[PDB]
There are 2 protein chains.
Amino acid sequence: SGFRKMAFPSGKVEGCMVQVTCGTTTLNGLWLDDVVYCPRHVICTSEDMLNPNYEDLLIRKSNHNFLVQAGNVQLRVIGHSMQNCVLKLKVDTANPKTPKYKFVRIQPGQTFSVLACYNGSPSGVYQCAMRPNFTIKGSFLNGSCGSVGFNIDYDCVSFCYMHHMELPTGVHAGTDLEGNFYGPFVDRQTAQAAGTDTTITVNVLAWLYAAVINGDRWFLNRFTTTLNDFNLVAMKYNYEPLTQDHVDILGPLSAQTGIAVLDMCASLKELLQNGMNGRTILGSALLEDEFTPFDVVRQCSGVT
Amino acid sequence: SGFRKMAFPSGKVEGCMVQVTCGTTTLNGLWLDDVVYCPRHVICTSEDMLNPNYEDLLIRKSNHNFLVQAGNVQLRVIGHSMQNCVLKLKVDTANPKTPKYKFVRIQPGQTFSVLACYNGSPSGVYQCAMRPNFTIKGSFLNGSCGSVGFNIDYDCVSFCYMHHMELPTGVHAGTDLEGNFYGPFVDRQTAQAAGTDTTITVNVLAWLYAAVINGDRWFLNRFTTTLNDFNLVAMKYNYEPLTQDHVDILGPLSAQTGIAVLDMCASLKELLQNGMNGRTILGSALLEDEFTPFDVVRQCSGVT
Ligand SMILES: *CC(=O)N1CCN(CC#C)CC1
Ligand SMILES: *CC(=O)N1CCN(CC#C)CC1
């Protein structure tokens, strides 16, 4: 028993991290097969970031300008291309440590592990959620760009995120592995509005089920609600509206615990209206939304 | 910027995990050089755990009874010995993936990463603290025993913990890599009192410094305190008494932020007496004690 914000084992991704330098800018890259993927702003100076013309900046660069180092050995660059906001540097050597992988574009509310890196070296790993407004609340310093987000299903790594920037508000923005930003963000040092964020309702209910499974039950009440009634409360507290698709995904947790999804919604409703009254749930004093129903099932069943 | 409960990259430890089976019991082992380390209760049946005589149970076992599998390949056991609560199975092959390592016994209040494993396979990684009462609040199901806790300094892995059991209260107990339990715990299925736990005061202040560095400053006040005055409040709220050694370890954070340690203590004092008033600090609604001053410095400087 016990419930933790658990990240995927980072080994398979550590073996893919490389350092990419272009001019005086050093970022992280992801080496899979004979391609190194990195944020295209590796070609910018700090001055260029204010209003970069990536096409014009990249034309001044040749294969030999991209210095790619994997640990202590240098990779030879034989091609470069820009795809959206990522650069793909073709190297002459396939990464011997390339795991089975896929590039996937995750949905808002889905979770993933981030391997924070600097100079191609891993510093740490943490679990986070893609916010409904397509930002992530990470831990990233200058040099972390190119660090990636991923999920793992047995032996296959699904890369979903590449870090590109910190908004002036301190939250983080990035792309899928095809270089498409999540959200309305552009790789430019300008003020950028992130949407109004909301709480991931389905994740909070999944976490409430994890709490019941692991012994924390004080919040269970004698009430029930309807999807319509619950959603009026969800709107007032800036929670995402719950749909039948969300109820269906909670089905296994509802079946395991014997607590109907709408009864769990009534518990959530009372917690939103009354607060925790100084109590905690799974060591937290707020309603946690960074665990999907799939995460709760996996952690509660010990999936390796 | 941003601050997360970050674990060490688990790659170096993943390469050491093996499955150990003895009779009908399967646990995880740690393969370093030509030795596999695992909890000695791998020799017990569920019945034996009530009151095991490990010496007598181990005498009925030969090298061929310990089935050690690393991924898909079987290791040949050529020796077995019990050291405190761990078994050391000498194998005929040195682990090719053995990182630079040390066995260290950590102090209460210190933090470490746990690589939760089942059947020798890694499921996830999370950061936790050794409680002042020598328990850990982990996430461990049956089969997770033998999973290990560790810290990493550049290329050296310092193994500090091996998981052995869940107390009836749902908290976790284990040993150092020499098989010595942290705390008064015994590897027996009996009711065992964990001491009164306390909050790791030095870690809370370190986290308050991390909050100031990362922008959360609402809790800073116009007050100061003394070590004596602060400790009277710490005693009332079951916080560990702050010593000059703790103040000294906070020195770098106090120097970086310009906030004297006793002024941060006065902020902590007001937070203990008044609560958060519905506000949050670094996305938390309670005072976090799972970040040491060293963790805050490392995460805030991007140590790889
Ligand atoms: C994204 C990142 O890590 N940064 C470091 C380099 N800065 C200047 C350039 C290019 C941008 C932020
Ligand atoms: C420690 C662990 O993972 N357990 C699974 C096996 N149980 C019976 C035995 C031996 C003990 C708990």
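Just so you know, the numbers here start at 1 and follow the chain as drawn.
Per the header of the entry, the method used was X-ray crystallography, 1.6 Å.
Note that Cβ sites are derived from N, Cα and C of the backbone, with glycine treated the same way.
Features as listed in Swiss-Prot:
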type     : residues : note
CROSSLNK : A:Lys5   : ubiquitin cross-link
ACT_SITE : A:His41  : active site, for 3CL-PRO activity
CROSSLNK : A:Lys90  : ubiquitin cross-link
ACT_SITE : A:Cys145 : active site, nucleophile
Using a Cβ-Cβ cut-off under 8 angstroms and a sequence gap of six or more, which residues of the chain neighbour A:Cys145 (active site, nucleophile)?
A:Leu27, A:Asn28, A:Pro39, A:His41, A:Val42, A:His163, A:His164, A:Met165
Would you count the other C-beta atoms found within 10 angstroms of the C-beta of A:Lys90 (ubiquitin cross-link) for me?
15
List the Cα distance (Å, whole number) between A:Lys5 (ubiquitin cross-link) and A:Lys90 (ubiquitin cross-link).
36
Applying an 8 Å Cβ threshold (strictly under) against chain B, tell me which of the recorded positions A:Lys5, A:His41, A:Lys90, A:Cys145 fall inside, in sequence order.
A:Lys5
If you run the three-state DSSP split on A:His41 (active site, for 3CL-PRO activity), which class comes out?
helix
Taking each of the recorded positions A:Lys5, A:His41 in turn and counting other Cβ atoms within 10 Å of its Cβ, which one has the fewest?
A:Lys5
Taking ligand 1 as the reference, state which of the recorded positions A:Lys5, A:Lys90, A:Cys145 have a Cβ closer than 6 Å to one of its atoms.
A:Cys145
